[PDB]
Amino acid sequence: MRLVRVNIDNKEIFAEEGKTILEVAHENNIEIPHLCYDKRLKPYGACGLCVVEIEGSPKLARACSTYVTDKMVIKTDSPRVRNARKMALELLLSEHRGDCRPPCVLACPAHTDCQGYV
Amino acid sequence: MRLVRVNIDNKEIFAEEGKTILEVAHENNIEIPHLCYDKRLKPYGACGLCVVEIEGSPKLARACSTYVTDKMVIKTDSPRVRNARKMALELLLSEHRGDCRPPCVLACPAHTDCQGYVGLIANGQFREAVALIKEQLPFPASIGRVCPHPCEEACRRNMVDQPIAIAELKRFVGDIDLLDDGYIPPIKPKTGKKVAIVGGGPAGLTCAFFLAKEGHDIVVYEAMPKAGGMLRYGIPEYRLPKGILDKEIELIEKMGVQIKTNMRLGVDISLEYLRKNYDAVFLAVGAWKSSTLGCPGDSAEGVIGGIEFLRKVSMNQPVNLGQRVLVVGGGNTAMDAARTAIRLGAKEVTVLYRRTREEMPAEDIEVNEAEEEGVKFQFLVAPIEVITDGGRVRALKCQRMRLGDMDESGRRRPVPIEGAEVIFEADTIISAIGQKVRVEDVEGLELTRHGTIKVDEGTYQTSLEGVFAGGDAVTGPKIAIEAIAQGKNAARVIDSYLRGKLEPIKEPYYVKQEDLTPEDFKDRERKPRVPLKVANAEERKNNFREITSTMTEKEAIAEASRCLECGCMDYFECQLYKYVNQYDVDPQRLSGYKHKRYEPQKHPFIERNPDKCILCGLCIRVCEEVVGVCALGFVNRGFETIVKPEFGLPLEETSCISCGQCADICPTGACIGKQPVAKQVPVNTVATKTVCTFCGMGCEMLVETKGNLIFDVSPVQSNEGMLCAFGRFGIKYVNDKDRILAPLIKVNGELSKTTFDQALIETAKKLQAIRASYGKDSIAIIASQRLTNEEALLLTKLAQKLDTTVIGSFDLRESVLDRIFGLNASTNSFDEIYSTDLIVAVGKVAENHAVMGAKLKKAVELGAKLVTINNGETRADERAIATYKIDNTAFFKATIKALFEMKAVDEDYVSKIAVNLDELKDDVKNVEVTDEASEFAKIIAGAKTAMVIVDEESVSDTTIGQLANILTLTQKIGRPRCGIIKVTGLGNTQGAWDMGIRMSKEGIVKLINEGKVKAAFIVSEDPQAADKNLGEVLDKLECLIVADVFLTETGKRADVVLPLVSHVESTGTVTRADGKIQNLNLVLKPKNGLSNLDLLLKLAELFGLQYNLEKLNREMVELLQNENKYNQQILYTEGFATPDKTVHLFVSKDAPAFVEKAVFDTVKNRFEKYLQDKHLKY
Amino acid sequence: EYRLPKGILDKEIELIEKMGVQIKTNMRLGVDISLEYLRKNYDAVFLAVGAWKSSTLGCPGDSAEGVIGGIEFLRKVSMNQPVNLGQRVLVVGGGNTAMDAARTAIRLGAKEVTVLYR
Ligand SMILES: Cc1cc2nc3c(=O)[nH]c(=O)nc-3n(C[C@H](O)[C@H](O)[C@H](O)COP(=O)(O)OP(=O)(O)OC[C@H]3O[C@@H](n4cnc5c(N)ncnc54)[C@H](O)[C@@H]3O)c2cc1C
Ligand code: SF4
Ligand code: SF4
Ligand code: SF4
Ligand code: SF4
Ligand code: SF4
Ligand code: SF4
Ligand code: FES
Ligand code: FES
């Protein structure tokens, strides 16, 4: 078929027209964070973790809803993108209540999974 | 994406919009025939084989050009489609002239690849010849000793002088194999099935062989003390020694076949037990009951059957042979009995035959040998009575007869003559008029009218279910190769039955040439056949020693070289043969006028046969669309259409660059690439992927080998799927007979062969003596840039241990990119070429690297803009928007000045990223801006992205510096699709530079001429051949150590010569011109047992260095990481490699833009000289 | 090497190793291993260290650059290590070491080798 040419993280990729940046990067083993995406569902654009830097666009684009076009240059780990993802994650952690690990595991110097084996 | 839904052959498929039916079916493993299709080319629609039935379309649609739409229903094997494909194939076969298989193979009952193993013998591949014989015949030596060889009667060399000694060559290779451990084919994993063969003769042992090849558990039941059948008990020792038979039966037993001798069916074991405890039963009991004289008195004391007598003699059991022996019959049994009786001391042996001499069933050579040994013959007589005196034979009353009229035979029936009767005195009569299947062997089975087992043809199954039969038990007495053919076919059918899918044997369709007559071979040189050594009759008639001798290796090769190679060279890859065998074609109905336009050609690499052309156009389309040379075309029109080079000229005289793409794309052997071997032979090869080492493009290839010889090279299907003349045809040096395999050291002033240890010790001592007597940096290590990264790194470590920094290459170009950007490397990758806005190709980019020319053609077709800068014409000028013919660097300087005049240089950014900007402005301020320079500057400034492709083997370093300046000024470096790519002149130029081999020819020669360097260790370079002025420079050296694949002119003046192996015998890593690292995989084991890395590692262990391939690879990866050049498709994305991380702009005086230099690599220089001698281009 | 090739020596040492003897090379006594450890963990200890220290010239200036012991020089040549051997070599002595050093210096490219004996 007709193939678009993209540059994701300094790697030249020949993708197929009609895919999103998330799908193209998944195919080429490039990790882009995402929390509200699902291949069975229409895009939602809520979490804001999949933002990538596209050369020529002043605003970061959601990789889950942006489609790859011909002669595209994409950065997925630039300092702007990392800062945006860190800010989104901090906002998410602000409204979070939980124990990732129980206090018993954290009090063990060797971090033995006390809860797990109990 | 959006997916279309299709139904191809009742299977629902979710495909992608924009694909054709061919691609969708290929992805879903659905086979649609195609002959004129290629993924790199636009559709052509000529062959009409890919037609499919689409529901809703009354007309069949070509799958190669029809696109899949939503809710489509496609049939690819409906009767309409099959009929259309069969008709197209029959039409294609109507034009075809060729031999799919040679007449020798078709005349063999077992269809042994006579041509294949004869050609392998002519190439010295005796083990491969035996392995190829054993695909159809498990007993080469035995059968080659005793075979009437109809293949030689059908041989086409009969039309020239004398047929090939096919049987003798088979005997030769069989004996060679039996010298050492014999060849055993690979055995499939155990299948859990059990087959019982009754009878260890040729047919039973063949069935056991070919069923043990399939993994089944085989038990053979033999009534005799030993296996072998009539090969042991019928054929006498002087014609087939039993040691060879024993060795071959041991070979069969070594495959897991268990032979239970002295186990007769119906006495020791029953058929019903075999049916109960075995999955299949094969019966190969032969015809072991002899025919009686059929006259009164044929039961006296002194009458014996021919095969019973021969079996008694074979077992060394006593025989009451008198002094007057009458052998009745005219077959092989009669001749063997008569000659054995002669050798057993009988004073008179007479052979009585019913018919005439000129129609004897026996071979003429056997009858002639019997006549020489003293056997007498009587013809046209038949026995009517046996005169017995006291119960013992006294004489035989025979009826004289005459050839009366026709018969069921059809030739002539012998009938009695009345009144004529003759009495022959005889102490013994041997009845040898034929053998019949024993009734007791075939108990419980339905037989024919001759007593043989009745089987269904094609399946070999008897009346009983699960019980098969073959051989002399089924067909009656024949020759042994017929029994072997029956056993092999029965093994195939039995394997199918064990899989539960009983299939009869299907005869393939072969294209043949029945119109050939001797005048078609009148131009061939006549060569005598190998003479057959025959023991003297007088001495041989007294003993049971072998009569004939095996030929010698010289005679074997000379005899195999006589073959005319009648079979098609494309048989194992022809798509037309495969398709006409997939569809039941009857091409004799559409048979008429057929062209015969084939003419022999002198081209060393490509052979074209118009008579095998299906006019798919693929060769033309690939030369025009992919290569871009466009050397082929259509000539004439209609039925007269032919494919010809330009103006019908020979391929050498056209613009052809000998890339071989036409021969690689051809479906039906009308365009083939010649094998780099001594004699052409169509063989089934094994392909290994490796990397071409002849330039920096790093094209991958599949080397197809058979044994220790390379037979073909195929490009991989990656990008343009192209190789050039080098990568496709220069691998011929691997098979060269002039390769040195043992080291040479100078004794008595001349180079003589020695051992590796002695040569390496001599090398180490010579280098150490030079270092001692002359000090530091007195030894130069000049290495070829085709070595792997590990070998280059090890050579740098060897220079470190030898206390010398003078390590470089004579092919090494002066470096300027490390002074400007920091690393002497390409900035971007090859893939980005397809996506850049503008391409600037400098130098002979397409000429020196044809695949890069194809890549530029593809990139311009994809939407790029091409600018070519060169001093002469190039093939890339066709699609260039701007073509500049310059001879001086000033053209770039003016360009730079022009770039400043149009305010196209953002000096604010350049001042932060680059230094020497004011010096650059001062340097270019006084130059004159030309119209060409201003137009180039306009093109450069108007492009968003730009990549400069530079041919570093035809471009000076000043040009590269100025192009780097232009790229830096316009901010076209360190970004995707913007940069500079240097296509290096050899395979691992970049890797050699990275590993520390960074000295040029000029520096090394300057050191030698100043007396500072006194010894040279030269690794696979040819300074003496590639240059005439260096012969004086090499005169200043006191010690010369040369490592090379060939003994060259520079190696003939060396003190020590160390052999090197080819790159297909080496494993390692090579760095592409764009910086990518690829793996050199091992295709062939090294021919002297030592790889290049192994030899260098022995020389290193002589110096106290401990390394291996893995340690050197780890060091290489560390080195690349330390330079920030590891796994980086784009360089200087963060900053440049200069100490201040800034661009050091190139300021220098004007210099010539392009250079012409020789190739110092030995192999590439040799191949270039070979191409020049044959007047070829590349 | 021209008087005793080292392949023969290697073969004979391999023969000795094939008899159950284990050879721990690069294990110097007093540096890598101690005598007391040998006494502790072995029933018997045999010392066959040889005489591996050469005799100096015993004259003023015998520590300059260009003076080397005979066996040190021969060990350097045997190990294929660089030796700063000029063009005028003076071998002092008259024993086995003197003759071997003189002939090795001849084979190493020295244009003048002289042997001085008391
Ligand atoms: C005298 C003579 C000379 C020949 N010369 C030539 C020649 O020069 N060139 C040539 O090409 N061919 C020659 N042939 C032909 C060739 O030898 C036979 O065609 C070939 O051996 C056929 O093999 P087969 O397996 O069909 O039968 P055979 O090998 O005859 O029989 C196979 C085995 O079955 C065994 N057997 C029989 N009955 C039983 C039973 N009840 N239970 C168990 N095992 C049993 C037998 O012992 C024998 O070992 C010759 C044959 C003869 C007799
Ligand atoms: S080109 Fe193909 S079909 Fe024609 S003779 Fe050769 S193998 Fe047979
Ligand atoms: S010349 Fe060679 S290929 Fe042709 S029939 Fe004879 S053996 Fe076969
Ligand atoms: S087995 Fe006989 S017929 Fe077959 S190739 Fe060999 S010699 Fe020819
Ligand atoms: S070898 Fe290459 S250039 Fe020559 S005709 Fe064939 S495809 Fe064209
Ligand atoms: S020679 Fe060319 S046109 Fe003819 S079959 Fe081969 S590829 Fe097709
Ligand atoms: S272009 Fe270079 S790498 Fe490719 S096949 Fe030709 S010589 Fe080999
Ligand atoms: S995955 Fe959540 S915004 Fe894209
Ligand atoms: S017509 Fe489609 S492959 Fe030939």
Side-chain angles (χ1 to χ4, degrees), chain B residues 19-26 30-54 59-68 74 76-77 81-98 511 568 570 573-583 585 587 590 595 606 608-628 630-645 660-673 714-715 717 720-722:
Chain B
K19 307 213 155 149
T20 57
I21 301 169
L22 211 42
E23 315 167 358
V24 172
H26 275 170
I30 290 176
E31 211 264 351
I32 298 173
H34 62 269
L35 282 168
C36 70
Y37 163 80
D38 201 84
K39 73 188 186 133
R40 299 171 294 176
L41 317 172
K42 306 157 302 165
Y44 199 54
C47 75
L49 268 282
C50 64
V51 288
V52 298
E53 185 165 32
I54 299 175
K59 214 195 203 63
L60 297 187
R62 288 150 158 77
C64 68
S65 54
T66 317
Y67 294 90
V68 283
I74 301 151
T76 86
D77 269 315
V81 172
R82 299 212 100 239
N83 266 321
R85 285 177 191 155
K86 176 196 59 73
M87 170 67 80
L89 289 170
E90 284 166 15
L91 295 182
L92 280 181
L93 285 172
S94 288
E95 307 154 14
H96 214 81
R97 290 191 127 102
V511 188
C568 190
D570 210 62
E573 34 171 291
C574 180
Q575 295 302 293
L576 179 75
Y577 165 80
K578 138 193 206 191
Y579 287 151
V580 306
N581 274 267
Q582 277 175 14
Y583 297 83
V585 288
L590 315 161
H595 287 296
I606 294 137
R608 326 171 72 246
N609 195 334
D611 298 337
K612 294 175 186 173
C613 183
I614 58 148
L615 281 172
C616 66
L618 274 175
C619 52
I620 301 150
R621 288 145 67 203
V622 83
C623 201
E624 184 219 334
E625 297 181 51
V626 175
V627 188
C630 215
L632 306 167
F634 283 121
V635 185
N636 304 323
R637 192 227 305 199
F639 198 72
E640 313 283 337
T641 313
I642 199 173
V643 177
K644 269 177 175 165
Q661 284 299 292
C662 49
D664 293 336
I665 209 173
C666 189
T668 85
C671 198
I672 55 144
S714 273
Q717 270 92 342
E720 290 101 39
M722 186 184 173

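These numbers come from the heavy atoms of this one structure, side chains and all, not from hydrogens, waters or symmetry mates. Chain letters run A, B, ... following the sequence lines, proteins first, then strands; residues in each count from 1.
- The CD atom of B:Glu624 sits 9.0 Å away from atom CG of B:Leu41, with the distance rounded to the nearest 0.5 Å.
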Could you list the donor-acceptor pairs under 3.5 angstrom formed between side-chain atoms of residues 42-54 of chain B and any protein atom two or more places apart in sequence or on another chain?
residue	atom	partner	partner atom	Å
B:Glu53	OE1	B:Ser78	OG	2.8

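- Between B:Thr668 and B:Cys613, the closest side-chain pair of non-hydrogen atoms is not below 4.5 Å.
- B:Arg608 has its side chain within reach of B:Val643: a pair of non-hydrogen atoms, C-beta onward, lies under 4.5 Å apart.
- Contact annotation: the side chain of B:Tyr579 never approaches that of B:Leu92 to less than 4.5 Å [non-hydrogen atoms, C-beta and beyond].
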Residues B:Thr641, B:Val635; criterion side chain to side chain contact (heavy atoms under 4.5 Å, CB included); working and verdict: CA-CA 6 Å; B:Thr641 313; B:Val635 185; over 6 Å; no

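- To the nearest 0.5 Å, the span separating CG on B:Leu35 from CG on B:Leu615 amounts to 12.0 Å.
- No donor-acceptor distance shorter than 3.5 angstrom exists from the side chain of B:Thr66 to the backbone of B:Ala61, with no hydrogens or angles considered.
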Derivation and outcome, side chain to side chain contact (heavy atoms under 4.5 Å, CB included), residues B:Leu93 and B:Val580: CA-CA 9 Å; B:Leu93 285 172; B:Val580 306; 3.7 Å; yes

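- With rounding to the nearest 0.5 Å, the separation of CG in B:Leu22 from NE2 in B:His34 is 5.5 Å.
- When the salt bridge (charged side-chain N to carboxylate O under 4.0 Å, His left out) test is applied to B:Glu640, no partner is found at least two apart in sequence or on another chain.
- Note that CD1 of B:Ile606 and SG of B:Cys619 are 11.0 Å apart. Values are rounded to the nearest 0.5 Å.
- Listed by first and then second residue, the salt bridge (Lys or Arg N to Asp or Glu O under 4.0 Å) pairs involving residues 81-92 of chain B are B:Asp77-B:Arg82, B:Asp77-B:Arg85, B:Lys86-B:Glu90, B:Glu90-B:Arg589 (not counting sequence neighbours).
- Checking side-chain atoms of B:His595 against main-chain N and O of B:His96 turns up no donor-acceptor pair under 3.5 Å.
- Environment of OH in B:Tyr67: sparse, with no more than 12 heavy atoms of neighbouring residues, nucleotides or ligands closer than 6.0 Å.
- The line from SG of B:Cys568 to CG of B:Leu576 is 9.5 Å long, rounded to the nearest 0.5 Å.
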Ignoring hydrogens and angles, write down the donor-acceptor pairs under 3.5 Å from the side chains of residues 660-667 of chain B, residues two or more places apart or on other chains.
residue	atom	partner	partner atom	Å
B:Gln661	OE1	B:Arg40	NH1	3.2
B:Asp664	OD1	B:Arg728	NE	3.0

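- Here B:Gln575 pairs with B:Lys578 under the side chain to side chain donor-acceptor pair (under 3.5 Å) rule; sequence neighbours left out.
- Under a cut-off of 6.0 angstrom, the local environment of CD in B:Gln717 is sparse, with at most 12 non-hydrogen atoms contributed by other residues, nucleotides or ligands.
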Residues B:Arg62, B:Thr20; criterion side chain to side chain contact (heavy atoms under 4.5 Å, CB included); working and verdict: CA-CA 9 Å; B:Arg62 288 150 158 77; B:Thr20 57; over 6 Å; no

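- At least one side-chain heavy atom of B:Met87 sits less than 4.5 Å from a side-chain heavy atom of B:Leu590.
- The shortest side-chain heavy-atom distance between B:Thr76 and B:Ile30 falls under the 4.5 Å cut-off.
- How far OG of B:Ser65 is from OH of B:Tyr37: 11.0 Å, rounded to the nearest 0.5 Å.
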Verdict with supporting geometry, B:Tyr577 and B:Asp570, side chain to side chain contact (heavy atoms under 4.5 Å, CB included): CA-CA 9 Å; B:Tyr577 165 80; B:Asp570 210 62; over 6 Å; no

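- Contact detail for B:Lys19 and B:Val24: the closest heavy-atom pair is CB-CG2, 3.8 Å.
- In this structure the side chain of B:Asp38 reaches within 4.5 angstrom of the side chain of B:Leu618, judged on heavy atoms.
- Every residue was checked against the salt bridge (charged side-chain N to carboxylate O under 4.0 Å, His left out) condition with B:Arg621, not counting sequence neighbours, and none meets it.
- Side-chain contact between B:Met722 and B:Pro715 is absent, with no heavy-atom pair separated by less than 4.5 Å.
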